[PDB]
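Chemist: Okay, so here is model-v6.txt, and as you'll see once you scroll down, it has compact mmCIF, C-alpha atoms and all ligand atoms.
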# COMPACT_ATOMS: atom_id res chain seq x y z
CA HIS W 7 17.75 9.82 16.66
CA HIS W 8 17.46 7.19 19.39
CA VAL W 9 15.28 4.52 17.90
CA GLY W 10 13.40 2.79 20.64
CA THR W 11 14.61 -0.07 22.82
CA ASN W 12 11.97 -2.44 21.41
CA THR W 13 13.16 -1.88 17.87
CA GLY W 14 13.49 -5.25 16.09
CA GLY W 15 10.91 -7.00 18.22
CA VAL W 16 7.54 -8.09 16.93
CA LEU W 17 4.55 -8.33 19.29
CA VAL W 18 1.87 -10.66 18.02
CA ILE W 19 -1.47 -9.95 19.53
CA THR W 20 -4.81 -11.71 19.44
CA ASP W 21 -7.04 -9.07 21.00
CA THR W 22 -7.38 -5.28 20.94
CA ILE W 23 -5.02 -3.44 23.30
CA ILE W 24 -6.99 -1.14 25.58
CA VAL W 25 -5.29 2.01 26.82
CA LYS W 26 -7.05 3.47 29.78
CA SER W 27 -7.79 7.14 30.58
CA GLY W 28 -4.63 8.97 31.69
CA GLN W 29 -2.33 6.19 30.46
CA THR W 30 0.35 6.36 27.73
CA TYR W 31 1.18 3.18 25.81
CA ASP W 32 4.75 3.60 24.63
CA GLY W 33 5.79 0.89 22.31
CA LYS W 34 9.38 1.94 22.21
CA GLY W 35 9.57 1.02 18.53
CA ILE W 36 7.86 -2.38 18.71
CA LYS W 37 6.14 -3.69 15.60
CA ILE W 38 2.69 -5.10 16.21
CA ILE W 39 1.10 -7.84 14.16
CA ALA W 40 -2.49 -8.67 14.90
CA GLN W 41 -3.91 -12.23 14.63
CA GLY W 42 -7.49 -13.19 14.25
CA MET W 43 -8.64 -9.51 14.25
CA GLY W 44 -9.12 -8.94 10.52
CA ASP W 45 -7.30 -9.12 7.24
CA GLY W 46 -6.96 -5.41 6.51
CA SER W 47 -9.51 -5.59 3.69
CA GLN W 48 -12.55 -3.32 3.31
CA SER W 49 -14.65 -5.69 5.40
CA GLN W 50 -16.46 -3.60 8.04
CA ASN W 51 -16.27 -6.11 10.83
CA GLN W 52 -12.67 -6.04 11.86
CA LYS W 53 -11.34 -5.28 15.32
CA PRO W 54 -9.22 -2.29 16.25
CA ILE W 55 -5.57 -2.91 17.08
CA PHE W 56 -5.82 -0.31 19.86
CA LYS W 57 -8.72 1.24 21.79
CA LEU W 58 -7.70 4.59 23.31
CA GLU W 59 -10.36 5.38 25.91
CA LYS W 60 -10.87 9.11 26.60
CA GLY W 61 -7.60 10.81 27.72
CA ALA W 62 -5.36 7.92 26.68
CA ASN W 63 -2.19 8.34 24.53
CA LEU W 64 -0.24 6.08 22.27
CA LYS W 65 3.31 6.48 20.96
CA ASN W 66 6.15 4.76 19.17
CA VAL W 67 4.52 1.70 17.59
CA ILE W 68 4.66 0.30 14.10
CA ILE W 69 1.45 -1.45 13.05
CA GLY W 70 2.22 -4.13 10.54
CA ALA W 71 -0.14 -5.70 8.10
CA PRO W 72 -2.86 -6.69 8.71
CA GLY W 73 -4.06 -3.26 9.79
CA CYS W 74 -7.48 -4.52 10.83
CA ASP W 75 -9.56 -1.58 12.07
CA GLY W 76 -6.59 0.47 13.20
CA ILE W 77 -6.82 2.70 16.22
CA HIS W 78 -10.14 3.69 17.86
CA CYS W 79 -9.96 7.00 19.67
CA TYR W 80 -12.59 8.04 22.24
CA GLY W 81 -11.41 11.65 22.47
CA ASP W 82 -8.65 13.71 24.09
CA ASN W 83 -5.93 11.48 22.64
CA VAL W 84 -2.38 12.03 21.39
CA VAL W 85 -1.09 9.49 18.88
CA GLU W 86 2.59 10.12 18.37
CA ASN W 87 5.11 8.57 16.04
CA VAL W 88 2.79 5.75 14.94
CA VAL W 89 3.64 4.09 11.61
CA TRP W 90 0.96 2.24 9.68
CA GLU W 91 3.01 0.05 7.27
CA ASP W 92 -0.21 -1.09 5.55
CA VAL W 93 -3.43 0.57 6.58
CA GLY W 94 -6.33 -1.79 7.10
CA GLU W 95 -9.98 -0.86 6.68
CA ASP W 96 -8.98 2.55 8.12
CA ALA W 97 -5.98 3.72 10.12
CA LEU W 98 -7.62 5.64 12.97
CA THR W 99 -11.21 6.45 13.86
CA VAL W 100 -12.53 9.17 16.16
CA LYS W 101 -15.42 7.41 17.90
CA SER W 102 -16.43 10.02 20.50
CA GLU W 103 -16.00 13.78 21.05
CA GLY W 104 -12.81 15.46 21.99
CA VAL W 105 -9.49 16.63 20.62
CA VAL W 106 -7.41 14.02 18.82
CA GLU W 107 -3.86 14.73 17.57
CA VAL W 108 -1.76 12.54 15.29
CA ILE W 109 1.81 13.81 15.48
CA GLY W 110 4.68 12.31 13.55
CA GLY W 111 4.63 8.91 11.91
CA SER W 112 3.23 7.84 8.56
CA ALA W 113 0.71 5.74 6.75
CA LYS W 114 0.81 3.76 3.54
CA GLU W 115 -1.49 1.67 1.39
CA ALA W 116 -4.94 2.78 2.52
CA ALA W 117 -7.48 1.41 0.05
CA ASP W 118 -10.05 3.89 1.36
CA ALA W 119 -9.68 6.35 4.23
CA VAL W 120 -6.74 6.85 6.58
CA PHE W 121 -8.60 8.86 9.23
CA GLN W 122 -12.31 8.38 9.84
CA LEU W 123 -14.26 10.93 11.92
CA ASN W 124 -17.46 9.56 13.43
CA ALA W 125 -18.12 12.11 16.18
CA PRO W 126 -17.76 15.88 16.55
CA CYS W 127 -14.13 16.59 17.19
CA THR W 128 -11.03 18.71 16.78
CA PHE W 129 -8.71 16.57 14.68
CA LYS W 130 -5.10 17.56 14.06
CA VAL W 131 -2.57 15.84 11.83
CA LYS W 132 0.96 17.17 12.28
CA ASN W 133 4.36 16.22 10.80
CA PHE W 134 2.84 13.31 8.92
CA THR W 135 3.42 11.55 5.59
CA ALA W 136 0.99 9.32 3.73
CA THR W 137 1.44 7.46 0.43
CA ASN W 138 -0.97 5.47 -1.71
CA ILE W 139 -4.27 6.35 -0.06
CA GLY W 140 -7.89 6.87 -1.04
CA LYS W 141 -8.60 9.73 1.31
CA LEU W 142 -6.57 11.21 4.21
CA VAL W 143 -9.64 12.30 6.26
CA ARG W 144 -13.34 11.23 5.91
CA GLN W 145 -16.11 12.63 8.12
CA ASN W 146 -18.68 9.86 8.29
CA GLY W 147 -20.87 10.02 5.23
CA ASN W 148 -24.08 12.02 5.32
CA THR W 149 -23.44 13.35 8.81
CA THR W 150 -23.83 17.02 9.63
CA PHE W 151 -22.19 17.42 13.01
CA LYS W 152 -19.14 19.66 13.15
CA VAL W 153 -15.55 18.61 12.82
CA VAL W 154 -12.56 20.94 12.61
CA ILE W 155 -9.59 19.38 10.90
CA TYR W 156 -6.03 20.79 10.94
CA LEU W 157 -3.35 19.55 8.54
CA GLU W 158 0.01 20.96 9.52
CA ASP W 159 3.30 19.91 7.93
CA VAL W 160 1.61 17.07 6.02
CA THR W 161 3.00 15.46 2.82
CA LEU W 162 0.79 13.26 0.70
CA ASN W 163 1.69 11.23 -2.39
CA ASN W 164 -0.81 9.35 -4.64
CA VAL W 165 -4.25 10.25 -3.32
CA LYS W 166 -6.89 8.43 -5.33
CA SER W 167 -10.04 10.18 -4.15
CA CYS W 168 -9.28 13.35 -2.24
CA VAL W 169 -7.33 14.71 0.71
CA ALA W 170 -10.48 15.20 2.80
CA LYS W 171 -14.21 14.60 2.42
CA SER W 172 -17.14 15.79 4.49
CA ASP W 173 -20.91 16.07 3.90
CA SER W 174 -21.30 18.66 6.70
CA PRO W 175 -21.66 22.39 5.82
CA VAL W 176 -20.52 23.41 9.33
CA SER W 177 -17.30 21.40 9.29
CA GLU W 178 -13.99 23.08 8.53
CA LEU W 179 -10.53 22.22 7.36
CA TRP W 180 -7.49 24.36 8.02
CA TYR W 181 -4.05 23.64 6.51
CA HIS W 182 -0.53 24.95 6.90
CA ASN W 183 2.46 23.53 4.96
CA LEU W 184 0.44 20.93 3.03
CA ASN W 185 2.25 19.34 0.13
CA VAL W 186 0.28 17.05 -2.17
CA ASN W 187 1.47 15.11 -5.23
CA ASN W 188 -0.71 13.16 -7.67
CA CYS W 189 -4.03 13.64 -6.16
CA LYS W 190 -7.32 13.56 -7.97
CA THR W 191 -9.00 16.48 -6.12
CA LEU W 192 -8.05 18.17 -2.88
CA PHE W 193 -11.28 18.70 -0.90
CA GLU W 194 -14.75 17.25 -1.29
CA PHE W 195 -16.89 19.44 1.05
CA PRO W 196 -20.31 21.09 0.36
CA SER W 197 -18.51 24.34 -0.32
CA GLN W 198 -14.87 25.18 -0.93
CA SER W 199 -15.15 28.09 1.49
CA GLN W 200 -15.09 25.59 4.31
CA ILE W 201 -11.36 25.16 3.57
CA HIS W 202 -8.84 27.61 4.89
CA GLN W 203 -5.11 28.16 5.13
CA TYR W 204 -3.27 29.45 8.17
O1 LIG I 1 -15.97 3.96 10.84
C1 LIG I 1 -16.13 3.33 9.80
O2 LIG I 1 -15.39 2.39 9.41
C2 LIG I 1 -17.34 3.73 8.95
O3 LIG I 1 -17.35 2.98 7.77
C3 LIG I 1 -18.44 3.12 6.87
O4 LIG I 1 -18.54 4.45 6.35
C4 LIG I 1 -17.51 4.95 5.42
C5 LIG I 1 -17.89 6.39 5.08
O5 LIG I 1 -18.07 7.22 6.21
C6 LIG I 1 -19.15 6.40 4.25
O6 LIG I 1 -19.51 7.66 3.73
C7 LIG I 1 -19.01 5.43 3.01
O7 LIG I 1 -18.01 5.90 2.14
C8 LIG I 1 -18.17 5.66 0.69
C9 LIG I 1 -17.88 4.20 0.25
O8 LIG I 1 -18.67 3.21 0.98
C10 LIG I 1 -16.40 3.92 0.44
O9 LIG I 1 -16.03 4.27 1.78
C11 LIG I 1 -15.63 4.80 -0.51
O10 LIG I 1 -16.03 4.47 -1.90
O11 LIG I 1 -15.83 6.16 -0.08
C12 LIG I 1 -17.23 6.61 -0.06
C13 LIG I 1 -17.27 7.96 0.65
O12 LIG I 1 -16.32 8.21 1.45
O13 LIG I 1 -18.27 8.67 0.43
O14 LIG I 1 -18.61 4.14 3.42
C14 LIG I 1 -17.35 4.20 4.10
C15 LIG I 1 -16.75 2.82 4.21
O15 LIG I 1 -15.65 2.75 4.85
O16 LIG I 1 -17.29 1.93 3.52
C16 LIG I 1 -19.68 2.86 7.59
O17 LIG I 1 -20.85 2.94 6.70
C17 LIG I 1 -19.85 3.71 8.76
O18 LIG I 1 -21.10 3.35 9.45
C18 LIG I 1 -18.62 3.57 9.69
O19 LIG I 1 -18.69 2.27 10.30
CA CA I 2 -15.19 2.09 7.09
CA CA I 3 -13.33 1.23 10.32
CA CA I 4 -4.01 -1.61 2.91
CA CA I 5 -13.86 1.72 3.87
Let me see the structure of the file written as C-alpha cells.
Modeler:
Amino acid sequence: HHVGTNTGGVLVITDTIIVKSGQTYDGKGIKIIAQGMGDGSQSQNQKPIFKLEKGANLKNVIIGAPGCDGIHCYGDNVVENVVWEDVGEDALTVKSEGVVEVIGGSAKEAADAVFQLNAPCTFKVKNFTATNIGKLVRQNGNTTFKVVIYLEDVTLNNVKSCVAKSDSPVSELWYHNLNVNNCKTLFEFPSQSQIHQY
C-alpha cells in the first residue's frame, strides 16, 4: 500500500472544483475541507465539493466534514478511492445520463442518502464500505425513468432506512457479495422482483 504523496495535507477550498471532460483529478491522498459551501446538514442549498462534467474522473481524495453537497456527476465518470469522512446532504449525485462507477473508498455518517440518482443511468458501487447511513442509493422520489444499480463487494453497517429506494417500476438493482448488518429493510422498490443477484 503506497498511500499518496499528498497524505497529511489539507486543502481548504472556497468553491466547487470542476473536473473537465477527459480529465482525472488525482488527489494523491489529500484531505479536502470546504469553506462557505454548506454545513453538511439536510439543507438543500449547499454546493458540491466537486463537479465531474461528462467523462471526468476523480480519485484518491478524502472529503472531510462539512460534506456539503458532495460530488455531482454528469455521466461517464469513475470515482475511485474517495473517502467521505462525514457525508453532507448526500455523498454523490448523478445529475445527467451515463455510466457512473464508485470503486473503492467509503462513506460514513449520512443522515439521509449516500448516492442520489437524478437521471437515467447505470450506477455501479464496487469494493465499498458505508457505516451509519439512511440509505445507500435513492432514485429521485416519484420519478419513473430507468436506473440500473449494481452493488458489488459492498459492506454496509447501520442502515436506518434501507439499502436502496426507487419509485420506478422499470428500475433494477443487481447485487453480488453484499453484506449488510443492522438494517431496517433492504430494498424499497415497487416490487421485490426488481432486485436480483448475480
Ligand atoms: O438531489 C437531491 O439532493 C434531491 O433532494 C431532494 O429529494 C430527495 C429524494 O429524492 C426525495 O424523494 C425526498 O426523500 C424523502 C425525504 O424528503 C427525505 O429525503 C428522507 O426522509 O427520505 C425520503 C425518501 O427518500 O423518500 O427528499 C429527498 C431529500 O434529500 O430531501 C429533492 O426534493 C430533489 O429535488 C433533489 O434535489
Ligand atoms: Ca437531497
Ligand atoms: Ca443533494
Ligand atoms: Ca453527516
Ligand atoms: Ca436529504
Chemist: Please extract the residues at most 12 Å from ligand CA 3 (chain I), counting all atoms listed in the file, and provide them as a ChimeraX atom specification, using the chain letters and residue numbers of this document.
Modeler: /W:44,46-55,73-79,93-101,116-124,144-146
Chemist: Please, what is the axis-aligned box for every listed atom of ligand LIG 1 (chain I) with 8 Å on each side, as centre and edge lengths in Å to one decimal, as lines of an AutoDock Vina configuration file?
Modeler:
center_x = -18.2
center_y = 5.3
center_z = 4.5
size_x = 21.7
size_y = 22.7
size_z = 28.7
Chemist: Within 10 Å of range 62-69 of chain W, counting only C-alpha atoms, which residues qualify if same-chain residues fewer than 4 places away don't, as a PyMOL selection string?
Modeler: chain W and resi 9-10+12-13+16-17+24-40+55-58+73-74+76-77+79-94+97+106-113
Chemist: Determine, counting only C-alpha atoms, which protein, DNA and RNA residues have an atom within 8 Å of an atom of residue 21 in chain W; residues of the same chain fewer than 2 positions away are not included. Present the result as a list in words.
Modeler: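 Residues near the query, excluding close chain neighbours: residues 19, 23, 40, 41, 42, 43 and 55 of chain W.
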Chemist: In terms of the shortest atom-to-atom distance over all atoms listed in the file, which of W:154, W:179, W:160, W:143 is closest to ligand LIG 1 (chain I)?
Modeler: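 For ligand LIG 1 (chain I), the nearest of the given residues is W:143.
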Chemist: Could you please determine the separation between CA of residue 170 in chain W and atom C10 of ligand LIG 1 (chain I) in Å, to one decimal place?
Modeler: 13.0 Å
Chemist: Using only C-alpha atoms, which residues sit within 12 Å of residue 199 in chain W once same-chain residues fewer than 5 positions away are excluded, as a PDB file with C-alpha atoms, in the coordinates of the input?
Modeler:
ATOM      1  CA  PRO W 175     -21.660  22.390   5.820  1.00  0.00           C
ATOM      2  CA  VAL W 176     -20.520  23.410   9.330  1.00  0.00           C
ATOM      3  CA  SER W 177     -17.300  21.400   9.290  1.00  0.00           C
ATOM      4  CA  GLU W 178     -13.990  23.080   8.530  1.00  0.00           C
ATOM      5  CA  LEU W 179     -10.530  22.220   7.360  1.00  0.00           C
ATOM      6  CA  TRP W 180      -7.490  24.360   8.020  1.00  0.00           C
ATOM      7  CA  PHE W 193     -11.280  18.700  -0.900  1.00  0.00           C
ATOM      8  CA  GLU W 194     -14.750  17.250  -1.290  1.00  0.00           C
TER       9      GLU W 194
END
Chemist: What is the distance between CA of residue 71 in chain W and CA of residue 135 in chain W, in Å to one decimal?
Modeler: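 Value for the CA of residue 71 in chain W-CA of residue 135 in chain W distance: 17.8 Å.
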Chemist: Mind pulling up the distance from CA of residue 167 in chain W to CA of residue 192 in chain W?
Modeler: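 Between CA of residue 192 in chain W and CA of residue 167 in chain W the gap works out to 8.3 Å.
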Chemist: Give the answer as one residue: which of W:7, W:132, W:114, W:190 has the shortest atom-to-atom distance to ligand CA 4 (chain I), using all atoms listed in the file?
Modeler: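 Among the listed residues, the smallest separation from ligand CA 4 (chain I) belongs to W:114.
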Chemist: Which residue gives the smallest distance to ligand CA 5 (chain I) among W:141, W:15, W:61, W:130, with only C-alpha atoms and all ligand atoms counted?
Modeler: W:141
Chemist: What's around range 187-189 of chain W at 12 Å? Count all atoms listed in the file, leave out sequence neighbours fewer than 2 positions away in its own chain, and write the answer as an MDAnalysis selection string.
Modeler: chainID W and resid 135:142 160:170 184:185 191:193
Chemist: Smallest atom-to-atom distance to ligand CA 2 (chain I): which of W:147, W:8, W:156, W:14, using all atoms listed in the file?
Modeler: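 Nearest candidate to ligand CA 2 (chain I) out of W:147, W:8, W:156, W:14: W:147.
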Chemist: Output requested as an mmCIF file, in the frame of the given file - range 46-66 of chain W, filled out with N, CA and C atoms.
Modeler:
data_model
loop_
_atom_site.group_PDB
_atom_site.id
_atom_site.type_symbol
_atom_site.label_atom_id
_atom_site.label_comp_id
_atom_site.auth_asym_id
_atom_site.auth_seq_id
_atom_site.Cartn_x
_atom_site.Cartn_y
_atom_site.Cartn_z
ATOM 1 N N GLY W 46 -7.310 -6.694 7.081
ATOM 2 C CA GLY W 46 -6.960 -5.410 6.510
ATOM 3 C C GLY W 46 -7.696 -5.069 5.230
ATOM 4 N N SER W 47 -8.697 -5.861 4.865
ATOM 5 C CA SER W 47 -9.510 -5.590 3.690
ATOM 6 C C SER W 47 -10.523 -4.459 3.983
ATOM 7 N N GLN W 48 -11.469 -4.274 3.045
ATOM 8 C CA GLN W 48 -12.550 -3.320 3.310
ATOM 9 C C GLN W 48 -13.734 -3.949 3.996
ATOM 10 N N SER W 49 -13.583 -5.133 4.584
ATOM 11 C CA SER W 49 -14.650 -5.690 5.400
ATOM 12 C C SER W 49 -14.830 -4.776 6.614
ATOM 13 N N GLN W 50 -16.068 -4.527 7.002
ATOM 14 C CA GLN W 50 -16.460 -3.600 8.040
ATOM 15 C C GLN W 50 -16.504 -4.158 9.445
ATOM 16 N N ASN W 51 -16.077 -5.410 9.577
ATOM 17 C CA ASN W 51 -16.270 -6.110 10.830
ATOM 18 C C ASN W 51 -15.027 -6.389 11.612
ATOM 19 N N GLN W 52 -13.947 -5.733 11.264
ATOM 20 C CA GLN W 52 -12.670 -6.040 11.860
ATOM 21 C C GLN W 52 -12.498 -5.359 13.210
ATOM 22 N N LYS W 53 -11.569 -5.858 14.027
ATOM 23 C CA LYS W 53 -11.340 -5.280 15.320
ATOM 24 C C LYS W 53 -10.254 -4.208 15.247
ATOM 25 N N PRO W 54 -10.346 -3.221 16.148
ATOM 26 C CA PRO W 54 -9.220 -2.290 16.250
ATOM 27 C C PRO W 54 -7.965 -2.937 16.857
ATOM 28 N N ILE W 55 -6.806 -2.516 16.453
ATOM 29 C CA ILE W 55 -5.570 -2.910 17.080
ATOM 30 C C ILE W 55 -5.462 -2.317 18.500
ATOM 31 N N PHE W 56 -5.795 -1.047 18.605
ATOM 32 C CA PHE W 56 -5.820 -0.310 19.860
ATOM 33 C C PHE W 56 -7.161 0.385 20.058
ATOM 34 N N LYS W 57 -7.616 0.399 21.320
ATOM 35 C CA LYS W 57 -8.720 1.240 21.790
ATOM 36 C C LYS W 57 -8.143 2.223 22.743
ATOM 37 N N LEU W 58 -8.222 3.516 22.440
ATOM 38 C CA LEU W 58 -7.700 4.590 23.310
ATOM 39 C C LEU W 58 -8.916 5.234 23.960
ATOM 40 N N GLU W 59 -9.231 4.787 25.190
ATOM 41 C CA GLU W 59 -10.360 5.380 25.910
ATOM 42 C C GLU W 59 -10.101 6.874 26.038
ATOM 43 N N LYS W 60 -11.091 7.661 26.468
ATOM 44 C CA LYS W 60 -10.870 9.110 26.600
ATOM 45 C C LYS W 60 -9.644 9.494 27.464
ATOM 46 N N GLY W 61 -8.777 10.417 26.995
ATOM 47 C CA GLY W 61 -7.600 10.810 27.720
ATOM 48 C C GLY W 61 -6.427 9.880 27.686
ATOM 49 N N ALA W 62 -6.508 8.817 26.883
ATOM 50 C CA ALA W 62 -5.360 7.920 26.680
ATOM 51 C C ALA W 62 -4.479 8.355 25.517
ATOM 52 N N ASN W 63 -3.193 8.039 25.597
ATOM 53 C CA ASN W 63 -2.190 8.340 24.530
ATOM 54 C C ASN W 63 -1.520 7.110 24.100
ATOM 55 N N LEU W 64 -0.967 7.194 22.865
ATOM 56 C CA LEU W 64 -0.240 6.080 22.270
ATOM 57 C C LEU W 64 0.982 6.652 21.556
ATOM 58 N N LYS W 65 2.142 6.013 21.696
ATOM 59 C CA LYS W 65 3.310 6.480 20.960
ATOM 60 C C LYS W 65 4.214 5.332 20.589
ATOM 61 N N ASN W 66 4.971 5.576 19.507
ATOM 62 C CA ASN W 66 6.150 4.760 19.170
ATOM 63 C C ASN W 66 5.835 3.296 18.932
#
